[PDB]
Amino acid sequence: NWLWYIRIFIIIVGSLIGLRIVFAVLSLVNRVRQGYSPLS
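In the deposited numbering, the protein residues as written are 677 to 716.
This is the structure in structure tokens:
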């Protein structure tokens, strides 16, 4: 019952962390490629 909610929260947090990592990886690739100058 309770553990159920705990598991969901854990998964939710993991998803957020993954998304961030993926975004960071892409940002690094863009910089290495230097195809275009970033807006920021």
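The beta-carbon is built from N, C-alpha and C at its ideal position, and this holds for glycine as well.
Item: Rounded separation between residue 683 and residue 689 - CA only; Value: 10 Å
Item: Boundaries of the alpha helix (DSSP H) in which residue 703 is found, first to last residue; Value: 678 to 709
Item: Own chain, CB closer than 6 Å to residue 677, minus 5 neighbours either side, in chain order; Value: none
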